[PDB]
J.: 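Structure provided below as structure tokens; questions to follow.
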Amino acid sequence: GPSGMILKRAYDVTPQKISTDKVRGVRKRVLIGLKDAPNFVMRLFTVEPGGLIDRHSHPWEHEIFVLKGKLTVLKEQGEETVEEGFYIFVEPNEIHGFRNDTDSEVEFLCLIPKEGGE
Amino acid sequence: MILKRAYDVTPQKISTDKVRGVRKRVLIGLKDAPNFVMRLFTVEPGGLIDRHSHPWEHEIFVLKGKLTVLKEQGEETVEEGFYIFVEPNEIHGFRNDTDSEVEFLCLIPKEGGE
Ligand SMILES: [Mn+2]
Ligand SMILES: [Mn+2]
């Protein structure tokens with residue numbers, strides 16, 4: 001593949017609205033996308049106040065790092081809120097979702113193997 | 001599912017001929033991860049990761065402070081809120097020229113170890 005290094009302010013990427021049957025009040029920035037990533041992609045998600053990523057699962061893992069705010073994590077059984085400075089590992093096929101119960105934006109980094117897209 | 005405060009992971013001090021004033025936390029390691037690992041590095045004031053390369057990429061996010069990134073030639077400082085993509089085989093390293101600790105998240109494919 002190519003050489004070099006990219007160094008960029010994440011906020012220089014516009015936050016794009018995610019709207020699907022199971023996601024509302026969420027925006028995403030693709031930081032290191034399919035066009036460049038050899039193995040895995042880096043996204044920055046913004047959950048607006050009251051935003052929801054419904055419980056779901058997929059046949060790849062998630063690696064998450066919470067950057068800002070209080071993120072409510074939905075589990076197969078119940079939920080738990082974590083804050084900036086927490087990491088999350090979600091196994092392949094594990095049920096998970098997210099909610100923002102606060103009045104400010106919540107941000108988290110989310111990385112997946114590139115076979116799951118960007 | 002694992003949910004944990006990164007700070008609570010015990011950092012490992014690194015002090016070698018090429019790395020000094022650096023601590024490393026393995027957040028999501030080989031034990032858990034099927035494809036890539038998540039580390040958090042803390043660079044003390046004056047700390048240094050000297051120029052090196054490896055056959056895998058880095059994906060980095062700067063969490064705190066002003067990080068000096070060493071390039072094959074020259075260097076570039078970036079701040080909290082920057083991401084960095086280092087291509088496989090690219091010469092790189094890091095320095096902290098400030099008076100406070102710098103933190104960055106760093107992910108590599110699992111062939112890189114943890
Ligand atoms: Mn998911
Ligand atoms: Mn390296």
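Indexing begins at 1, ligand by ligand and atom by atom, following the structure's order. Just the heavy atoms: all of them, side chains too, but no hydrogens, waters or symmetry mates, feed the values below. Residue numbers start from 1 in every chain, and the chains themselves are labelled A, B, ... in the order their sequence lines are given, proteins ahead of strands.
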J.: Should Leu107(B) and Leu111(A) count as side-chain neighbours, where that means a heavy-atom distance under 4.5 Å?
T.: yes
J.: Which angle, to the nearest 10 degrees, do you find at the Mn ion (ligand 1) between NE2 in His96(A) and NE2 in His58(A)?
T.: 100°
J.: Are the side chains of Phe104(B) and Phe94(B) in touch, meaning some heavy atoms are under 4.5 Å apart?
T.: yes
J.: So do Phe61(B) and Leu44(A) actually touch side chain to side chain, heavy atoms under 4.5 Å?
T.: yes
J.: Any non-hydrogen side-chain atom of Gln16(A) less than 4.5 Å from a side-chain atom of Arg29(A)?
T.: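 No, their side chains stay 4.5 Å or more apart.
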J.: What N/O/S atom of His52(B) is the closest to the Mn ion (ligand 2)?
T.: NE2
J.: Between the Mn ion (ligand 2) and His58(B), is there an N, O or S atom separated by less than 2.8 Å?
T.: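 Coordinating: yes.
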